[PDB]
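What follows is one chain in structure tokens, specifically the form deposited in one PDB entry.
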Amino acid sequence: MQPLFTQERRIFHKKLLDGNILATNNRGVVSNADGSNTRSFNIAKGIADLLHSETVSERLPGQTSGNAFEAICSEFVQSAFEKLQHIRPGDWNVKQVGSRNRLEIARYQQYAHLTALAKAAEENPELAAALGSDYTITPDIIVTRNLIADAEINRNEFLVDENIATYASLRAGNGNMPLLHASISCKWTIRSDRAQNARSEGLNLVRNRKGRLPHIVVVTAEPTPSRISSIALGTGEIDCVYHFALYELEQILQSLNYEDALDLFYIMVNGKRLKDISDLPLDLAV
């Protein structure tokens, strides 16, 4: 049959189709297009043909398509990542946090101290104002790793006891919390202004961490390379951007002769800023 990552990739698409997240309205507008832009329209039509989309229905409201894209991205990650246990073992959990959560990063080892700052600020309003703060990281999807018992550390050799390596992050106990492995931002579609919150979130993770920075990634179904470029280009905040259908996007850009769009596409891909959704699970194993 298919290789399993290939099957999960199609499962991923099938859920977008089945849910009418991806569909075409009766004016021929594919639902991830900017219907008032010809290039967006054409690129999204082609991807949707390549994905064998057939349903005709009205575009879903954006809150609905945004939410569903996250859940569906979340299910793909969890399912594929859990097959990489021999390359990246651990007690992994993949969670869609939500578009309504907050303070959630403080749940995790590298950012726990942010609980203490918040509580300090609410108690002392002078401290609140004097503070820079910035404890507002609300990821769409997290991947976390729970902590390991000595039994696991000492699986094959007597490596540790209670008198050595007493601060190691992976060691369960002393009120240690789970590690944040990845923050995954989802963008069903992009406009260059609303795309920038992924950068500020990446930036917040970078500047406030105690310990190893998580993976910071963005997944998008945006059809146009230019809008993808407002989040993908540049370094420092975002590790890499992953497209819901890269291969399909490549094909359509080639057959349409949007030559600047194709050039921008290769700049990002060859520039290590844009990958396929199927590359994400393995990139989470590095």
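So that there is no doubt, residue numbering starts at 1 and follows the sequence shown. Think of the rigid core as the biggest set of C-alphas that the two forms share within 1.5 Å after superposition.
- For the pair 182-190 and 84-92, the mean Cα B-factor is higher in 84-92.
- Of the two stretches examined, 255-263 and 25-33, the record assigns the greater average C-alpha temperature factor to 255-263.
- Note on the listed residues 120, 141, 213, 72: the highest Cα temperature factor in the record is that of 120.
- Across the options 220, 55, 67, 42, the residue with the most elevated CA B-factor in the record is 55.
- In the deposited entry, the Cα temperature factor of residue 49 places it in the highest third of its chain's modelled residues.
- When the CA B factors of the chain's modelled residues are split into thirds, the value for residue 116 lands in the highest one.
- Among all modelled residues in this chain, the alpha-carbon of residue 133 has a temperature factor (C-alpha) in the highest third.
- In this PDB entry, residue 99 carries a Cα temperature factor that places it within the highest third of its chain's modelled residues.
- Looking at the C-alpha B-factors along this chain, the one for residue 196 belongs to the lowest third.
Missing here is the form deposited in another entry; even so, the following discussion is about that form.
- Residue showing a CA shift of 2 Å or more between this form and the one not shown (rigid core superposed; candidates 99, 197, 146, 115): 99.
- Relative to the superposed rigid core, the position of the CA of residue 126 differs between this form and the one not shown by 2 Å or more.
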